[PDB]
């Protein structure tokens, strides 16, 4: 017995079989088991879920049931006590560009999404939850602690709605609650093309057979493209400045306009597609609307994979890279490519990497104008700033010249995300990403810190002093222990991120294991991995290794000076070489001789 069946509410179709192109939904990747890795199926479970009532109610819900004989602390008090700080000076990561943070978020959005539950295209629950903090059904309010300033000016709580879950929607039972992943598990650039057939089509330029992706028709950027605007009303990017009224952008992933430096990357990517498609059409003039589309689309997914495995992972895992992700050896059809529920929390380490301001630089990399640097919190759902204040360039240069925040145990998440986050549904810039992350662990039913330590074959501290040694911090260890009473109860997000960093890495032992594990699996489990023999020819592969994030900027914006290594901290102008000195992608191996 297994319950095996539940293959209900999800998009299904026919396996094109032998087709050299991925499906949009990720179906048909694994032949013997066609729905592994597909958008709209449950997050995988590496360990059984731990819910309050065994089946679905999160810990903290019933105000009188303990977890291990103890009351779990309030998300927001774990925030106020451990995650907060006030001094931004000293905080910058001395050897990582602001693009280090930015790439983690693009990869993240390619791999996982647990959407909120709706049940109201009008309903008093999307307002009985915000107005009265009444816990009930999918309303699971983040209550304020006594002494939280936010009591004085905001209300009794921050509203929060539980995540969606497989099988039906309505009030549900039987099995443990399993959250949905609305995105494909494969590094396949789903964030650019969509994970659904319908959204995928809307995105395309289908008025002409050049296989181009739709581009905004209302605004231009020095004759270079922007993403289309969204039909969607109401529109939070609009609500952010009623005078400007500039809507959010339409991309293959819905979160694209969360912040300005993420809308920027989306737009460098769309631009890469269209570029690829024109170039390809020149070489092979008989190719197709569809054929141009898929071929450019296959080059792009190779891109996201190569920069990810070659440039970004080696510097997150550090010395632990070799031990979790060994060198590639071929597609293994038994490896399970599905993104695990815990990964979507482990991958939240990047939160502690976001700094507090965003800069715009002019052509010599000098402060563009008088209001160059801005508080991150005015940039949530802000598109009016790209469109009406210089477009993309001034904002890509800041990504190469400025630095990510460094995780630090006494400074974890800047207040910009911690006190001032705009959620695209509600009205204020007053949410807290840290508390939300914690409340979210609980909703998704996560095993505690020791469970995962156990999982990764690392010691499990049971006492103050043990916790002190693992964390190599006396004080942090003391706060955690005062809020939680036992390490067994420490939520994985805050435990994972509290560990000191492995050598040359930017996460700890627990985090290197869960990430390292996930990445090995999605590479080993992907029939379309770029080095998978028979997916690109040997000469195409040789061409694809020369790609770099720098080139991408050269070919797609008017920046003429860039770093060679783009994730490392780089000083202008010593570290900046001219575009000409940067290897170009040689598209000639994609030539198709008819006779």
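Positions refer to the first chain, counted from 1.
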Average Cα temperature factor in the PDB entry - higher stretch of 362-370, 140-148: 362-370
Stretch exceeding the other in mean C-alpha B-factor - 451-459, 123-131: 123-131
Highest-ranked of 258, 93, 336, 238 once sorted by CA temperature factor in the record: 238
Most elevated Cα B-factor in the entry, residues 109, 297, 427, 506: 427
Residue 67, C-alpha B-factor rank within chain (lowest, middle or highest third): middle
Within-chain third of residue 249 by Cα B-factor, per the entry: middle
Record-listed C-alpha B factor of residue 45: chain third: lowest
CA B-factor ranking of residue 118, expressed as a third of its chain: highest
Residue 223 - which third its CA temperature factor falls in, relative to the rest of the chain: highest
